[PDB]
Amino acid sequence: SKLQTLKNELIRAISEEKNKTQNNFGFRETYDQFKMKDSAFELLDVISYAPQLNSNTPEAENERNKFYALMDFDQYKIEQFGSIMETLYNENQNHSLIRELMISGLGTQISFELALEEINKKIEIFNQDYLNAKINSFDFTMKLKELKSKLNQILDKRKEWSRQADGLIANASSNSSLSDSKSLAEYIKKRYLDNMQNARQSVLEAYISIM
């Protein structure tokens, strides 16, 4: 059935994405938390009082792992990103930038994961509405199309954050000028920060629109 196929394909897509939010690679956090124990994670508390994000507590390990999940548990990229945060941290005029960068990434992954579960919940609710004759096949199809559009949006904007991080890693590595901490902070602020915050906000708005 056209309707059953559409519904099952969306359920499968959510399940595939939920599976990827878990470390299925034997990935393990280094003792210095990829140079962020004494830099980016030191500057924040757990956001999802609360313990510091660099702390040896299960709550902080869980939240650091959301950043690792955002980076697809890629040890190389996480180490590169942490090394750039460490460089930025050398000047305390850069600490607010480091906070904004990490908050934009954590918030992207947190909203992304909440949106996956919200879509899953809505599928089941609409399904029972359909089974109870409250809505018809057309109505259910329209809602599934809308949920799939919202899934595509959170996937695309989470990928956009990662694309900005990839360019930042590639550029702060191979651009010699970016070795100076102050120059690097200015460069990142003008090239990447707004794009990363705009991606975070877009995932959040899609999440809210599903509820």
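Start at 1 with the first residue shown and count on from there.
Subject >> Count class of deposited residues lacking coordinates, residue 65 to residue 66 >> reply: Per the record, no deposited residues are absent between residue 65 and residue 66.
Original post:
So 36 to 44 or 168 to 176, which one's hotter by mean CA B-factor in the entry?
Top reply: Comparing averages over the C-alpha atoms only gives 168 to 176.
Subject >> Higher-scoring stretch by recorded Cα B factor average, 119 to 127 or 67 to 75 >> reply: In the deposited entry, the stretch with the higher C-alpha B-factor mean is 119 to 127.
**OP:** Using the B-factor values recorded in the entry, state whether the Cα atom of residue 114 falls in the lowest, middle or highest third among the modelled residues of its chain.
**Re:** Middle third by C-alpha B-factor.
Subject >> Position of residue 61 among the chain's modelled residues by C-alpha B-factor, lowest, middle or highest third >> reply: It belongs to the lowest third of the chain when residues are ordered by C-alpha B-factor.
**OP:** Using the B-factors in the PDB entry, rank residue 55's C-alpha atom against the chain and give the third, lowest, middle or highest.
**Re:** It belongs to the middle third of the chain when residues are ordered by C-alpha B-factor.
Subject >> residue 195 CA temperature factor, ranked by third within the chain >> reply: As the PDB entry reports it, the C-alpha B-factor of residue 195 lands in the middle third of its chain.
Subject >> CA B-factor ranking of residue 188, expressed as a third of its chain >> reply: Within its chain, residue 188 is a lowest-third residue by C-alpha B-factor, going by the deposited values.
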